[PDB]
């Protein structure tokens, strides 16, 4: 197969690993910076050009779209799709995932377990917003399109109101979420490829904090996931319509709760922890479903 890898940086672990796994399995791997791609839209002969030459004869494309102000990245993926190239994840599904507001609304409607969650931008009655989410303690995230830029635990409704008012000032979309203290600042990252959770790992916060992220001074370890945690991860990915996804889960008193569904999950964390060829299994999935 000839496979395109849509990546802003070819020197990043996850992109390097995808070209390795591909080359290893006898495929021709081309890294494309989507911004440097330009195209002619047309019924008959639609073209994508790159550094003066046309992009032809591609069998599959792996979209690794970053959390940028990038409607253009999805447009380049869409051209590939319309020119017959098989996508790892469809542009339709990626657009659903990257809109965190839309993503949670869709999971909520299909009955996926979520924390109690509120949305706001310029609310006039902030006390009313806090009351709607069963009050403090509340986690308060800001959204800059795709990225959940800042996260604050507010213990009292006074602190919650004070922080929401600050974020309002910055004209940002605000997310207010029930704090799940039982988790102990830990989450399960389940890694979906096709109909299977191929790899899983627990993330843990530092001695003091609640922020579980791997790239914020955080230990990762092996974990045996429950059948309902597996079932939740697969269902979450299927609702978004993704073939490959990372699903973040919280172990709560009332079962597993989905935090995020990522349409292009990082590979360094999961591979170092599990010693699994995740990059390999992604390429292996393309081999079977490319047709």
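Positions refer to the first chain, counted from 1.
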### Summary
Stretch with higher mean Cα temperature factor, 15-23 vs 269-277, is 269-277
### Task
Going by the average Cα B-factor in the PDB entry, point out whether 176-184 or 140-148 comes out higher.
140-148
## Note on the structure
Per the deposited entry, the peak Cα B-factor within the set 232, 34, 253, 262 goes to 253
## Note on the structure
From the entry's CA B-factor values, the highest among 206, 78, 121, 102 is 206
### Query
Lowest, middle or highest third: where is residue 84 by C-alpha B factor in its chain?
middle
### Task
Comparing against every modelled residue in the chain, figure out the third that the C-alpha B-factor of residue 90 lands in (lowest, middle or highest).
lowest
### Query
Is the Cα B-factor recorded for residue 155 in the lowest, middle or highest third of its chain?
highest
### Query
Taking the C-alpha B-factors as the PDB entry records them, is residue 131 in the lowest, middle or highest third of its chain?
middle
### B-factor third for the C-alpha atom of residue 40 within its chain
middle
